[PDB]
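>>> from the sequence below, what's the structure:
(9 chains)
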Amino acid sequence: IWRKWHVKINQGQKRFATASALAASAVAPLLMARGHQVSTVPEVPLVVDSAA
Amino acid sequence: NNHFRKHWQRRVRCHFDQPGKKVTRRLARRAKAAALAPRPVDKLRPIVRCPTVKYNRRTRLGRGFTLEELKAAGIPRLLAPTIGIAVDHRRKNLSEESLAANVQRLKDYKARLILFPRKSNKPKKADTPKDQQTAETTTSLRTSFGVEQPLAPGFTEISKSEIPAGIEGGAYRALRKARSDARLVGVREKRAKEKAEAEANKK
Amino acid sequence: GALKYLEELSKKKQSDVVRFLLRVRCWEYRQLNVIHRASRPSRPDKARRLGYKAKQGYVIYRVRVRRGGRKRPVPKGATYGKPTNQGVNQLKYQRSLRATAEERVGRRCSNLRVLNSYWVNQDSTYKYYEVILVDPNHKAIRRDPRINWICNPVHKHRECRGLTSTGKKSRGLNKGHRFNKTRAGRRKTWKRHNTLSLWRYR
Amino acid sequence: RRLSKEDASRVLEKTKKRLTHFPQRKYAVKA
Amino acid sequence: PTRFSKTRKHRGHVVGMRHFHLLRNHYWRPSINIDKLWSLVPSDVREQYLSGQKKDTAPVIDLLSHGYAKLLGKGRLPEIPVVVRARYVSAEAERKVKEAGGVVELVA
Amino acid sequence: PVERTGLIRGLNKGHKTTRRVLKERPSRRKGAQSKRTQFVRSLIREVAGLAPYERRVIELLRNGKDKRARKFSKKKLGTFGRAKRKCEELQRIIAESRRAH
RNA sequence: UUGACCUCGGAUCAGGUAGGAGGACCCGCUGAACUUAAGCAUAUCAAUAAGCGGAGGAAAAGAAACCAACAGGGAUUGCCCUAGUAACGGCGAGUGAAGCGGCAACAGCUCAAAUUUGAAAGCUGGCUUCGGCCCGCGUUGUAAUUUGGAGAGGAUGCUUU
RNA sequence: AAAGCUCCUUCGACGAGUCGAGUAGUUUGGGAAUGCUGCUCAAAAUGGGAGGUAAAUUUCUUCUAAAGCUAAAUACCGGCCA
RNA sequence: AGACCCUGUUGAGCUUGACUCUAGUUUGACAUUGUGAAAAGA
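Numbers count the residues shown, from 1 in each chain, chains lettered A, B, ... in the order given. What follows is the structure:
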């Protein structure tokens, strides 16, 4: 049980990876490469009104 | 240097229960807060100075207030632990500054303290009236009465005419002279006593 | 108070009256049994300061234990392992003869609880002790808040676990730098120091 | 073999006086 | 990981004194050189001093508040008077402070 | 109390603080003689008498062998200071006996 | 002769208690060897395995005969760090803490040593009509007051149940 | 009837085969500074312990041993439930 | 994969003024160990 199960990652590297993922999330070709069906989406990144 | 020459596998402690223990501690803290409402969850702690030459620059929270601090703040030693004030009878006030700071701390606590009566129908003189019993309150004495300035302020400004002249001879010279006097103090009273004995013998 | 006079005179253990009473009482207790009930404590000041009271439920048992070191129970008194540079005559028991006395008294009367014990006399062969015991089943004991802590089941056989004063002395439960290894329990401290703690995010 | 509730709630006289005159109070601290 | 190991590739082919009771708190004295002395000042005020917009006010620096005990004299100081609070100081450090126009006085 | 010099080294080193004088703590009162303790101890001494090694040190001090009495007391007791205190106490006992006689 | 104590007994006397199981964890006692040191009586394994006694849901420890040398901290326990450091060690393989600091959790108290002496005011048990009464324990000291943080004796004027 | 605060001339009891010393065994990082036990000796009243190099002298700083209770944070290859 | 030969950081049994220990035995001191006398001395 004392095998290394968990990996310690720098918080800066975690936040950098999150920022890169959010930057890739605004690229409509990368959505197609990811495999989601976003052809009928009006705009990327998709913003819905908070009143709804 | 690896210390694995004993039966180390018999006493390997792993920590998979770290989030579970944190959840258990948080549940215990929530239960304690619910039981002790509306009182704060912790006791009032004094500000004390750390021992040794390494940590004496910094202040921290202590165990409890001293008896002379309680006497100068007007809080009896029996009433003090019942209104959320920690009491330490071992600690003493060897200086005026820590004493004054702790008495000011206790005075602020007593000024901000709301004391409900033991019987609601029959309030007493030292007890808080019902029209003033309502206000926004705090539940964390460690947060509301924390150590606001732990270290000395290391950045101050003085005028150029207010610059100290400095010790005569230089700071390094003063350090070396103090060290020399400390190392050579005993031979000086020895030589002075020998000279005084010689003067008494041949006056 | 006369108990102060008894204390100050019991301090002078080399005086004529104290030596005479110690000799005659040593003879009397040697003629008596190894473990026997004493009707009243022969050292009332010591018994009172160790916790005896004139109340129904306090019993005094006088006991004698053979003094000296211990001998390892091997046949022909010789070991067949590595050489030890010592004999069986120079083995020392890690607990006191007072603690052994408390053991034997508790085993003789296990329905009570050992509170404390004290040295009363000694000779070349034996050491003599008096043990105070409290009955946890007596109503006068159970109603008294100064003693009803011993009625709890956690205090069953304190002398067997070293919770009496001689037990604390032999376990070395003192504050300070001279007792770094044993102030919290020697085996517990050793296990704490030899435990390899491996965190998740190491 | 457990102690009775009344015997467990028996308390000393000076402790009774101190609990009578200085009990655990209900209080709050302003922010 | 196991699949990157070479074993998978190799599959099929196999003095002086003794100081009893040493307390490190006795010998706690971190040292700082004068070339890092201005770094203890916050960036805006230090920029104002090095620009020269405040000609009638001198900075006072407490080394013990920043965690240093001895002021050493590696490097050079600008021509700005600085009062330095220190427990220890070296001779040429205090001398370069005097050339810079400041003063080093002792604290405990 | 002596005011500190405000230096990290030398005589009277340390940060300058306003020292206070304190009421003497009752825990530090141990060792002081009380009237009750003095009376009881003297009466118990008169009741009990002296130890054999105490009488030996009395004999040596009567004979004038002060260093021998100190050596014998140190051998019996284990500590030089305890030997000195026992020797001066037996000086007091001998002086009281002589002033009585 | 009749009694009163003290001590030691008897009783299928009235009322109670202990044994054994379990033993992962805990408190102690006792205690190896393989192994590592070229071998090996120091050492290491290890103050471990086996063996024995004793509790609980935790146990144990615990409110300083402490640490420190500081501008002083302030019961115990556990985590991180101190630190593989101070230190110990044939012919060296190796062994190895503690103060401070941050945190989790925090809680303080009871006796003996005093004459209530203008009143043993204290307590077990039996019978009860449940109001109490007896047999006793106890002055070789049960109540109340005091525990060093003090307290005791006075003076003082307000507060609390 | 108890209880707290304030001031004070005064008083202020505080644990003995115990502390400590030597020796032997064992243990420790404390084979110059550790603890425990056995044996021998055996204390004192501003006294006693400690202040990690033996001793003497003069000081200083800390506590107040040899009686006792007490939850929590801590451990958990046994039992029950999940 | 017997026997025989050779090697081992070899294991084990036995012996001896081999080494270090030890049971047992012997000797000395201390405590258990008290009470008096009659002398010799300091």
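>>> how about the strands in chain B?
Applying DSSP state E to chain B gives strands spanning B:12-14, B:47-49, B:59-61, B:113-115, B:137-138, B:155-159.
>>> the third one near chain E anywhere?
I take that to be strand B:59-61. No - using CB under 8 Å from any CB of the partner chain, we find that strand B:59-61 stays clear of chain E, coming within 12.2 Å at best. Placement of C-beta: from N, CA and C, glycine included.
>>> that strand near chain F at all?
No - Strand B:59-61 lies out of reach of chain F by CB under 8 Å from any CB, never closer than 13.0 Å.
>>> want to throw the strands of chain B into a markdown table with mean neighbour count and distance to residue C:142?
Shown next, in a markdown table, are these (neighbours: other CB atoms under 10 Å in any protein chain shown; distance: least, CB to CB, whole Å):
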| stretch | mean neighbour count | distance to residue C:142 |
| --- | --- | --- |
| strand B:12-14 | 13 | 42 |
| strand B:47-49 | 17 | 44 |
| strand B:59-61 | 16 | 43 |
| strand B:113-115 | 18 | 39 |
| strand B:137-138 | 16 | 44 |
| strand B:155-159 | 12 | 68 |
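>>> between those strands, which one is nearest to residue C:84?
strand B:12-14 (34.0 Å; CB to CB).
>>> may I have the strands that pair with the closest one, each with its orientation?
Strand B:12-14 pairs in its sheet with strand C:196-198 (parallel), by DSSP bridges.
>>> right, is the partner strand up against RNA strand G?
Yes - for strand C:196-198, a contact with RNA strand G is found by CB under 7 Å from any atom of the strand, at residue C:197.
>>> just the residues contacting that strand, thanks.
If you take CB atoms under 8 Å, 6 or more residues apart in numbering or on different chains as the criterion, strand C:196-198 is touched by A:2, B:8, B:11-15.
>>> could you do stretch E:52-69 as well?
Contacts with stretch E:52-69, where a contact means CB under 8 Å, 6+ apart, come from B:57, B:151-160, B:163, E:28-32, E:37, E:40-41, E:45, E:48-49, E:70-71, E:80-88, E:102, E:107, F:8.
>>> stretch B:119-135 too?
Stretch B:119-135 is contacted from outside by B:114-118, D:28, D:30-31, using CB under 8 Å, 6+ apart.
>>> where does chain D come near chain C, residue by residue?
D:1-4, D:7, D:10-12.
>>> can we see that at 10 Å?
Taking CB under 10 Å from any CB of the partner chain, the part of chain D that reaches chain C is made up of D:1-4, D:6-13, D:15.
>>> buried residues in stretch C:183-202?
For stretch C:183-202, the neighbour count (16 or more other CB atoms under 10 Å in any protein chain shown) marks residue C:183 as buried.
>>> stretch C:98-112 too?
Buried-residue list, stretch C:98-112, by 16+ other CB under 10 Å: C:98-106, C:108-109, C:112.
>>> quick one on the thing from earlier: farthest-apart pair in the contacts of strand C:196-198, please.
Pairwise distances across the contacts of strand C:196-198 peak at 16.6 Å for B:8 and B:15 (criterion: CB to CB).
>>> state the number of residues packed around the residue in chain F positioned nearest to chain D.
Residue of chain F nearest chain D, by CB to the nearest CB: residue F:26 (19.7 Å). Residue neighbour count, defined by other CB atoms under 10 Å in any protein chain shown, stands at 7 for residue F:26.
>>> how close does it sit to residue B:199?
Distance of residue F:26 to residue B:199, computed by CB to CB, to the nearest Å: 47 Å.
>>> likewise for residue E:78?
57 Å.
>>> so the closest residue to residue C:43 other than its chain neighbours, which of the three states?
Among residues not flanking residue C:43 along the chain, residue C:120 sits closest, at 6.1 Å (CB to CB, 6 or more residues apart in numbering or on different chains). Following DSSP: H, G, I helix; E, B strand; the rest coil, residue C:120 is assigned to strand.
>>> so residue C:120 makes contact with residue C:129?
Yes - contact between residue C:120 and residue C:129 holds when scored by CB atoms under 10 Å: they sit 6.3 Å apart.
>>> just the closest of the contacts of stretch B:119-135 to residue C:49, please.
residue B:118 (40.2 Å).
>>> how about the strands of chain E, start to end?
Secondary structure of chain E (DSSP E): strands located at E:31-33, E:57-62, E:70-72, E:83-86, E:88-89, E:103-106.
>>> err, chain D, not the other one
Secondary structure of chain D, counting by DSSP E: strands at D:27-30.
>>> in it, which helix is the longest?
The residue-count maximum for a helix in chain D (DSSP state H) belongs to helix D:13-21.
>>> middle-most residue in chain F, spatially?
residue F:85 (5.3 Å; CA atoms, centre = their mean).
>>> now do it against residue F:72, distance only.
Distance, residue F:85 to residue F:72, using CB to CB: 14 Å.
>>> sec struct for residue A:33, please.
Three-state call for residue A:33 (three-state DSSP): helix.
>>> count of residues packed around it?
10.
>>> list the contacts of it.
Taking CB atoms under 10 Å, 6 or more residues apart in numbering or on different chains, we find residue A:33 in contact with A:24, A:27.
>>> what segments of chain B are helices?
Assigned by DSSP H, chain B shows helices spanning B:18-36, B:52-55, B:67-73, B:96-112, B:141-144, B:171-183, B:185-201.
>>> of the ones you listed, which is nearest chain D?
Each of the helices of chain B has some distance to chain D by CB to the nearest CB; the shortest is helix B:96-112, at 4.1 Å.
>>> which strands and helices sit next to the closest one?
On a contact count with 3 or more CB pairs under 10 Å, 6 or more residues apart in numbering or on different chains; DSSP states H and E, helix B:96-112 meets strand B:47-49, helix B:67-73, helix B:141-144, strand D:27-30.
>>> with mean neighbour count as extra columns, can I get the strands of chain E in JSON lines?
Converted to JSON lines, the strands of chain E look like this (neighbours: other CB atoms under 10 Å in any protein chain shown):
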{"stretch": "strand E:31-33", "mean neighbour count": "17"}
{"stretch": "strand E:57-62", "mean neighbour count": "20"}
{"stretch": "strand E:70-72", "mean neighbour count": "20"}
{"stretch": "strand E:83-86", "mean neighbour count": "22"}
{"stretch": "strand E:88-89", "mean neighbour count": "24"}
{"stretch": "strand E:103-106", "mean neighbour count": "22"}
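>>> no further queries at this time; thank you.
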